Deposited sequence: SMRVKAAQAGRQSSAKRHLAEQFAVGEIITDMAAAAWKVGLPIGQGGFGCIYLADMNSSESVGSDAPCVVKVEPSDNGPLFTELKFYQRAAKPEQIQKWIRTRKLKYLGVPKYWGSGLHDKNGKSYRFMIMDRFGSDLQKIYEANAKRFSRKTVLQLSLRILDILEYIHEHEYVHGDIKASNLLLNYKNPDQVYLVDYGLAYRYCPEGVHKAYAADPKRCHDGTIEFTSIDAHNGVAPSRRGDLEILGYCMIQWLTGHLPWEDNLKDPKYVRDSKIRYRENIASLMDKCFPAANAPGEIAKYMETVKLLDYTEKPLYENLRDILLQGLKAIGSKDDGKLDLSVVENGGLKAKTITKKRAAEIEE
């Protein structure tokens, strides 16, 4: 028990918070007041031993790229409805029982997409998949432009806004990677300070080859998520215990995207924007910056094809 329930904690900027019950070491949190922290709390507090490396990595990302006005400024200038990076509210050090703990205050959210995906018998519609992926491309553009890649996009790292079910957020930056510190892209090689390969069914070819993740990796990961979400499957899913097999199929299907479309979708009935998406991500060099707006225009053509538009509705 890192906290006394209902106690007041003070972050290093002197902002006061009350700590609440744990959710479903993450506790509900709110601003300091005479009211207690309830079920509808707007924040969470994450706490870990101060020697926990992932929370320090995640904390530094949030400090650098997730300041509330930093996000709000981007939303206005890029003319967006919202932006699915969670907001950083504060952090500090907390000693209890002769042990040191690091804590971090963040937005609270509703359900993860993996639970909702499983509740639909492992299918999201083409409307949902295009609408989700457009907003992830906005998220990925943002974090990429602030020198980070996520490396682990998947439904269970996608949380709905608690008070708005058409807003999705990308969470979990504990094994995120600073690919571009001070504008200097990392070279095509391994990084000994890291050793996360991703989640095996969705990770990039780069990651399978043991090099540090980069921007094209994230778009590749999203590509595989799109097919998983549309079809309920990935070709290599019955052999996840062998990373050699999974790298081999991914490399082979990268070289022949039509055979991936034929393998995953019913014969002569595959969504053209997905194939077109994969083909564009294929062209990217390791260090290259994606043309994010063209990737979104590709997914926009798809919404046009199904008699729809980017109206922000995820339809969950």
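No C-alpha positions are given in the record for the deposited-sequence stretches 1 to 20, 45 to 49, 342 to 364.
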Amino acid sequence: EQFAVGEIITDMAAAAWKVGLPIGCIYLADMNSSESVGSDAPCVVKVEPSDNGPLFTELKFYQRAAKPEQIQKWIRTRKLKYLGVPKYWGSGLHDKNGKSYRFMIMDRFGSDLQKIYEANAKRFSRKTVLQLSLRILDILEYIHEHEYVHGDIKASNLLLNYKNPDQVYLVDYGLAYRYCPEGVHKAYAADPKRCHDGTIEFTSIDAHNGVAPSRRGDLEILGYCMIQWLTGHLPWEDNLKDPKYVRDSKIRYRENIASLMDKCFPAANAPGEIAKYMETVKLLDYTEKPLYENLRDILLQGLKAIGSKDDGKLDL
From here on, numbers count along this sequence of modelled residues.
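Coverage remark for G302: present in the model in all other entries compared whose chains are built on both sides, leaving no third without it. Of the other entries compared for this protein that flank it with modelled residues, a third or more give no atoms for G24. Averaged over Cα atoms, the B-factor as recorded in the entry is higher for 269 to 277 than for the other of 269 to 277 and 58 to 66. Higher mean CA temperature factor between 79 to 87 and 214 to 222: 79 to 87, per the PDB entry. Of the candidates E118, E147, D152, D138, the PDB record gives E118 the highest C-alpha temperature factor. Per the deposited record, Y188 carries the highest C-alpha B-factor of all listed residues (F202, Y177, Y188, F103). In the PDB entry, a CA B factor belonging to the highest third of its chain's modelled residues is recorded for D95.
When all modelled residues of the chain are sorted by CA temperature factor, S249 is found within the lowest third. The entry lists a Cα temperature factor for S133 that places it in the middle third of the chain's modelled residues. Sort the chain's modelled residues by C-alpha temperature factor and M31 lands in the middle third, per the entry.
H208: CA B factor in the lowest third of modelled residues in this chain (values from the PDB entry).
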